[PDB]
Every structure is written in structure tokens, then in C-alpha cells.
Amino acid sequence: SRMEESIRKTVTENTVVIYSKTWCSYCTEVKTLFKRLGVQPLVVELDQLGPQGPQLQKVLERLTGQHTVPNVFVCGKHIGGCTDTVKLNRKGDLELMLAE
Ligand SMILES: N[C@@H](CCC(=O)N[C@@H](CS)C(=O)NCC(=O)O)C(=O)O
């Protein structure tokens with residue numbers, strides 16, 4: 001699909017991409033973690049896109065294996081959700097990625 005090719009372009013062009021929903025506490029949490037690191041992520045709020053939201057979500061599951069939000073990409077690579085991102089941070093992998 002065109003939506004799949006567009007996601008690939010979005011995540012290769014933007015250092016941090018968070019596919020989010022505005023009401024989700026885990027999305028807020030991961031937004032805050034990147035803010036504390038000095039990053040300004042690109043946020044895509046899937047609940048604020050009309051019927052494109054659920055279509056995008058389906059393509060995200062095909063690409064990433066995940067059906068929850070947040071769905072986080074760093075340096076073009078899928079990293080997971082909030083707890084995945086927090087674990088990557090706790091290990092210093094997240095900052096090593098950002099540093100390269
Ligand atoms: N363990 C996940 C949890 C994320 C989560 O539960 N997200 C909720 C929204 S706040 C969700 O996507 N729910 C949709 C569903 O369960 O299908 C993470 O750390 O990101």
C-alpha cells in the first residue's frame with residue numbers, strides 16, 4: 001500500500017516518530033521521556049485522523065507486529081512501545097542510537 005510506503009518515508013526522514021493517541025497515558029509518558037532528553041519527536045495522533053487512523057494502525061501492525069500505542073521509531077527503526085523505550089533508555093541504547 002501507499003500508506004505503507006508513506007510510513008517508511010516518515011520514519012526515515014524524522015529522527016524520532018511516535019504514533020500516538022491523545023488520551024493514552026503511555027503515549028504521554030513516552031513524549032515526556034523524549035522531552036527530558038532534549039528531543040522534539042514527530043507525533044502522529046491516530047485518534048485525530050478520522051478513518052485514516054484505524055487504516056494507519058493496520059499498516060503499523062503489518063510493519064511492526066504491534067497493535068498498541070505508542071509505536072515508537074528512532075533513527076528509522078521500530079523500537080516498540082513505552083516500556084520498550086524506557087528499557088532502551090535505562091540501558092543507554094536509546095542515547096547511543098540518538099548519538100549516531
Ligand atoms: N506495554 C505497552 C502498553 C501500551 C498500551 O496499553 N496502549 C493502549 C493505549 S493507552 C492501547 O494501545 N490500547 C489498544 C489495544 O489494547 O488494542 C507500552 O508500554 O506501550
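Counting convention: from 1, in listed order, for ligands and their atoms alike. Below, all heavy atoms of this structure are taken into account, side chains as well, without hydrogens, waters or symmetry copies. When a residue number appears, it is its place in the shown sequence, counting from 1.
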Which heavy atom in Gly81 sits nearest to a heavy atom in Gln66, and how many Å separate them?
N-OE1, 3.9 Å
Apply the side chain to side chain contact (heavy atoms under 4.5 Å, CB included) test between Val30 and each candidate in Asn89, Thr85, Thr83, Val43; give the one that qualifies.
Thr85
A student checking ligand 1 against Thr83 at a 4.0 Å heavy-atom cut-off should list atoms 1 (N), 18 (C), 19 (O)
Is there at least one pair of N or O atoms, one from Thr68 and one from ligand 1, spaced under 3.5 Å apart?
no
Identify, by atom number and element, the atoms of ligand 1 in contact range of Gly81, meaning under 4.0 Å from any of its heavy atoms.
20 (O)
Close-contact set for ligand 1 against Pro70 heavy atoms, below 4.0 Å
20 (O)
Assess, by modelled atom type and distance only, whether the side chains of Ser20 and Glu45 contain a donor and an acceptor separated by less than 3.5 Å.
yes
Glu13 atom CD: more than 12 heavy-atom contacts under 6.0 Å:
yes
Salt bridge check: are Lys9 and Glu5 linked by an N-O gap of less than 4.0 Å?
no
Just wondering, more than 12 heavy atoms not from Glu95 lying within 6.0 Å of its CD?
no
Of the protein's non-hydrogen atoms, which lies at the shortest distance from atom 7 (N) of ligand 1, and what is that distance?
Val69 O, 2.8 Å
Does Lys35 pair with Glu29 as a salt bridge, N-O distance under 4.0 Å?
no
Per atom 17 (O) of ligand 1, closest listed option by heavy atom (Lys87, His67, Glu29):
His67
Note: heavy atom closest to atom 10 (S) of ligand 1, options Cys82, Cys24, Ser25, belongs to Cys24
In ligand 1, the atoms that come under 4.0 Å of a heavy atom of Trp23 are 9 (C), 10 (S)
Any protein heavy atom at under 4.0 Å, with atom 2 (C) of ligand 1 as the reference point?
no
